Number of protein chains: 2
Amino acid sequence: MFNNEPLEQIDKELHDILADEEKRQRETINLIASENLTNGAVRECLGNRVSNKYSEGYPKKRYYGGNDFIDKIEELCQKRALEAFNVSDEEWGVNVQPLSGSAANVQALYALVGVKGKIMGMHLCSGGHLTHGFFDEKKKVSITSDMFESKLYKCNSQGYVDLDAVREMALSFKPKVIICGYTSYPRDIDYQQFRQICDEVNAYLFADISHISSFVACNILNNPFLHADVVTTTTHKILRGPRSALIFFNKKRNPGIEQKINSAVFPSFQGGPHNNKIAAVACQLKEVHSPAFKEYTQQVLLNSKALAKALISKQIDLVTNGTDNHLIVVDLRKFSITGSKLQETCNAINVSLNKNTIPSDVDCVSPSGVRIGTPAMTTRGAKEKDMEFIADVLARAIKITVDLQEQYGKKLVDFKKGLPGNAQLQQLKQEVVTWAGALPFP
Amino acid sequence: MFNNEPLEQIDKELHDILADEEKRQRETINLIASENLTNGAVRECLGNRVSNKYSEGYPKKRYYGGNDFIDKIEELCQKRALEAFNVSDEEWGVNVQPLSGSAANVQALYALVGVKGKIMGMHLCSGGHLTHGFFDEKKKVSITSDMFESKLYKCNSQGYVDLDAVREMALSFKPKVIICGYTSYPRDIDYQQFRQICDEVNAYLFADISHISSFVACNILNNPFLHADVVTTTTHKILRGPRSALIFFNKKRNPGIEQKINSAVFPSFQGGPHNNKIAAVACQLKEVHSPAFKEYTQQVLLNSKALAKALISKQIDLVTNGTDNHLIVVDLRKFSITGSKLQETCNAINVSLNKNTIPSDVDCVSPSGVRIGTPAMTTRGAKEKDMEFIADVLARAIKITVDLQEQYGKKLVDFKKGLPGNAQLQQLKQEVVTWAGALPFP
Ligand SMILES: COC(=O)c1ccc(-c2cc(C#N)cc([C@@]3(C(C)C)C(C#N)=C(N)Oc4n[nH]c(C)c43)c2)s1
Ligand SMILES: COC(=O)c1ccc(-c2cc(C#N)cc([C@@]3(C(C)C)C(C#N)=C(N)Oc4n[nH]c(C)c43)c2)s1
Ligand SMILES: Cc1ncc(COP(=O)(O)O)c(CNCC(=O)O)c1O
Ligand SMILES: Cc1ncc(COP(=O)(O)O)c(CNCC(=O)O)c1O
Ligand SMILES: [Cl-]
């Protein structure tokens, strides 16, 4: 007793905006480090009827039957995750039901520590995620700072993790979990030294590798699996999967972590799984293991190294003066402009990037940087030669921002008033749209 | 640098299970009360490229830009939600980012009370959801029982909400939230009475209409908006949308609950929203408001009324001896078989249903009932006349179960041993599949 008209006919208002979004995405130099583009195969999963199914519990331990084919899919997804991260399904378990990275972290953290639980994570301003225990003085911003007791370590003035400060913190504060793996961190991680600090204080090692998952998979970067009790990743970023999360747990290092974590996901926090998510993670995970995806990951780093290089060739300062991964955080201080200002300037020329804090920063408001990353563009067929152009565009943006601030004022309200109608921005968007509009597009 | 190979050629392994799943669904009499089937237009959103975007924040207040088209998509969703639930956007707000009902409830609960806060909800065994503060003696099973201090009210032997008990409890325990709205409850709710007890104790009124959302929209059942501070609903059940949730808040009764609820969702709990969810919800919410969907909802109840009647005509006991909504809970005591067994008997014949507790029950294992509902089959186009046949199938299932329990014993695996190859179940399956396979399938 339903309507079966396609989306164009059924809701013309919506289909318009979705085709507009398509065009915007197609005609953008997308530098959001956390973004990517899924193929049609993954979206065919997310669009699949497999999501009609309530399948609470676990495969072979459902509450309902009729989950014959769902069980197979959940199992295939777990088979492939551990396969793809080169871990033995005898030493490592994986949960494939978490709905997103933020849910997975909260869930996994709760499993290890529980309420009033003590956790250590990197501060937001230093490159840590909200779910790593973020608070301001006035408010416990993340549940992770509220349902848990959280202390936060900073990076040094040069933007690097200070393992010394972690020790000072870990030994005195004495937490049950220490979190490593970050949201805007341009360098690789010394996990082994984290393992060294965790042992010293009997803490669990939590590695959230959401930004760098593919590197870890493709053995391009350090392996946290060698040293960590839990590892969480999102699937929608560099892994180029759907929006979802995976929780990995070392059965060997702490048996009965399986039940602990499998129950945190359900019934502690979640209800029915989203099978279309699961089905899509399955789909992307097949691709992850292939040596073709390894080419793509290498390409991401090649592009990032080249981009960093090209930005430095133009007298632009980077934090840590470079990158080990897919991401660069530009320091804007020498230019006397905010990341807030530059983000707007880039939006006007169809350049997606986000503002970001740096180490000298004191507020999440008025931050002195932007964060770019290469996974999306790499996916669109861009190579190292193309990086000079993006660098060129970012430099021009920066110059135009400096000009517009001089003409309208350091006040953001004022500044944006200078943005529309501007001759050079229209010129630059145009060049951007020209080049962007014609690259490969899943 | 991607593969655009379609699903059938990219991952043959997976496509097959999805094709198998598709077939099972097409050939099943689905009586899972919480299930439904989405049209191809809602699946077209879930598959849309809009999920590429990271848009942490709220519309007009993102942390990024290039959210021009997403802000519109999110805005149209909140418009249509408040429309559909017939509430004024001046009086009520809605959050459209919760990833599923359990996240929404956890989020909304937190917003109202926060850590170590006091909540009251119906017990699981009495019809309550896990997210309404469920614990057992041995463990706090839901986070809602652990990150909150929860107390649980039971229905009377008759299977109805004992409002006396709720006051006896609310006045002594004195919680800050009371939750009503249930997972397996066959009758309508007296919300006013709930409003009356909440006022006496200065508590919030939490109404979870996930199972009955459509009724309430279409004005077939009591309206919780008249009395409630928060209203949560999932969107994939009777509403027949994608898997997602809505949180509704009364601004006039509770000013500044907006920021409280909006910040609970992000950044307290979640990260990026899932814009395909949002896009799909929008799509369905348009459909919800049409006079045509009111037809479907009326049809649901018509069917459930007919099914109940038909079941009673066959000497089958229902809890509350009937239904006000889409769901029936059969009491199985006169037959001396558990729900668990009958579920198994039914899965064998492509009848999907679920074991459910009753008032006499004292364990969530070996419960004395099955919960059935009509939303899915009504979707297939079943009418009141078709309800005798389903009643007929369930009666026969119940009979065959008593036979198998007699032959192989009261123990589960033993009971299962009789299940495969049984002459009568094969005739009944065929019979099921024949009638089901030929019904309209979105
Ligand atoms: C009370 O809530 C808050 O104060 C905040 C919530 C989100 C905040 C934030 C602000 C900026 C800035 N400027 C940047 C972020 C990042 C960005 C990647 C977008 C961030 C940084 N810098 C880091 N490190 O982590 C993040 N997690 N989520 C988001 C949006 C961010 C978050 S501040
Ligand atoms: C430690 O975890 C547990 O004990 C349980 C988890 C889920 C449990 C459960 C058991 C049964 C049975 N029999 C039924 C449920 C229902 C069913 C609708 C599936 C339920 C009932 N009865 C109610 N009312 O609420 C529910 N929320 N989620 C699920 C699966 C259920 C939950 S018990
Ligand atoms: C370390 C980390 N963990 C989790 C998440 C995100 O979880 P969700 O899937 O719930 O958003 C992010 C992305 N953070 C935002 C960014 O990089 O832009 C992250 O960087
Ligand atoms: C009252 C209530 N709230 C929330 C949920 C489910 O939340 P998720 O969308 O996160 O699964 C249910 C369904 N519960 C299971 C059922 O009826 O089968 C429910 O009955
Ligand atoms: Cl989804």
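Each reported figure results from applying straightforward, stated rules to the coordinates on display, with no laboratory input. Because the Cβ atoms are built from the backbone with ideal geometry, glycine has one as well, and the counts that use them run over all protein chains shown.
For A:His236, the residues 5 or more places off, or on other chains, whose built amide H falls under 5 Å of its own are A:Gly241, A:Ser244. Between the stretch A:389-422 and the stretch A:139-203, the C-alpha centres lie 37 angstrom from each other.
Each Cα pair under 8 Å and six or more residues apart adds its separation to the average, and for the stretch A:36-298 the resulting relative contact order is 28 percent. Short to long, the 10 Å bins of the Cα pair-distance histogram for the stretch B:36-298 hold 7, 32, 36, 20, 5, 0 percent of all pairs.
Summed over qualifying helices (DSSP H, 4 residues or more, each -39500 (n - 2.57)) and divided by its residue number, the protein assembly as shown shows a 222 nm mean residue ellipticity of -13000 deg cm²/dmol. In terms of surrounding Cβ atoms within a 10 Å radius of their Cβ, B:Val281, A:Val141 rank from fewest to most as A:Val141, B:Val281. Shortest first, B:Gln426 label-point distances to identical copies amount to 7.8 nm, with the label point at 7 Å from Cα along Cα→Cβ. Relative to the other identical copies, B:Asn86 shows label-point distances of 6.2 nm, where the label point lies 7 Å from Cα along the Cβ direction and values run shortest first. Reducing the stretch A:74-137 and the stretch B:52-88 to their Cα centroids gives an inter-centroid distance of 28 Å.
Converting phi to 3J(HN,Hα) with the Karplus coefficients 6.51, -1.76 and 1.60 and the offset θ = phi - 60°, the stretch A:86-95 yields 6, 10, 7, 5, 9, 9, 10, x, 9, 9 Hz in sequence order, with x at every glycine or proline. From the square roots a ≥ b ≥ c of the eigenvalues of the alpha-carbon gyration tensor of the stretch A:33-90, which class results: rounded (a/c under 1.5), prolate (a/b over b/c), or oblate? Taking the square roots of the gyration eigenvalues as a ≥ b ≥ c, the stretch A:33-90 is oblate. Scanning chain B for the Cβ atom closest to the axis that brings B onto A yields residue and whole-Å distance B:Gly47, 1.
Residues whose amide H comes within less than 5 Å of that of B:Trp92, counting only those at least five positions distant or on another chain, are B:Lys251 (H built at 1.01 Å from N in the peptide plane). Mean sequence separation of contacting Cα pairs (under 8 Å, at least six apart), scaled by the length of chain B, corresponds to a relative contact order of 22 percent.
With neighbours defined as other Cβ atoms within 10 Å of a residue's Cβ, the residues B:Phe135, A:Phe293 order from fewest to most as B:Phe135, A:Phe293. Taking 23 Å as the cut-off for C-alpha to C-alpha distance, list the pairs among B:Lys116/B:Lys174; A:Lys174/B:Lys139; A:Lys12/A:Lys237; A:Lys12/B:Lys23; B:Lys341/B:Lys429 that go past it. From the list (B:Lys116/B:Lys174; A:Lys174/B:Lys139; A:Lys12/A:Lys237; A:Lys12/B:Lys23; B:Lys341/B:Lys429), the Cα-Cα distance tops 23 Å for A:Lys174/B:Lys139; A:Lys12/A:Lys237; A:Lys12/B:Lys23. Legend: Rg and Dmax of the stretch A:312-361, from Cα coordinates, 11.2, 30 Å. Here A:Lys417 is the anchor, and the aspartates and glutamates within straight C-alpha reach of less than 18 Å, apart from those fewer than 8 places off in the same chain, are A:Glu344, A:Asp403, A:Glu406, B:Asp68. Inter-copy label distances at A:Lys410, using a point 7 Å along Cα-to-Cβ, come to 8.2 nm with the shortest given first. What does DSSP give for chain B in terms of the percent of beta bridges that are antiparallel, rounded to the nearest 5? Approximately 55 percent, going by the DSSP bridge assignments.
With all distinct Cα pairs included, what does the Kirkwood hydrodynamic radius of chain B come out to in Å, to one decimal, could you say? The Cα-based Kirkwood calculation yields 23.0 Å. The share of C-alpha pairs in the protein assembly as shown whose separation exceeds 34 Å stands at 53 percent. Taking the Cα centre of the stretch A:36-298 as origin and assigning +1 to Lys and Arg Cβ atoms and -1 to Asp and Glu Cβ atoms, the resulting dipole is close to 560 debye. Within the straight-line cut-off of under 18 Å between alpha carbons, the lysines reachable from A:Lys385 are A:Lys305, A:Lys309, A:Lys314, sequence neighbours fewer than 8 places apart in one chain being disregarded. Once you reduce the stretch B:266-308 and the stretch B:217-253 to the center of their Cα atoms, the two points are 10 Å from each other. Starting from the Cα of B:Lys251, draw a straight line to each of the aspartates and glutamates and keep only those under 12 Å, dropping any in the same chain fewer than 8 residues away. Qualifying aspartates and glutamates at Cα under 12 Å: B:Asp89, B:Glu90, B:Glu91, B:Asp229. Overall shape: prolate for the stretch B:306-392, with the ratio a/c of the largest to smallest alpha carbon gyration tensor axis at 1.5 or above and a/b above b/c. The calculated FRET efficiency for the pair A:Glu406 and A:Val365, based on their C-beta separation and a Förster distance of 30 Å, comes to about 0.85. Rounded to the nearest Hz, the phi-derived 3J(HN,Hα) couplings of the stretch A:363-373 under the Karplus curve 6.51 cos²θ - 1.76 cosθ + 1.60 (θ = phi - 60°) are 9, 6, 10, 6, x, 9, x, 10, 10, 10, x, where x marks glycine and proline.
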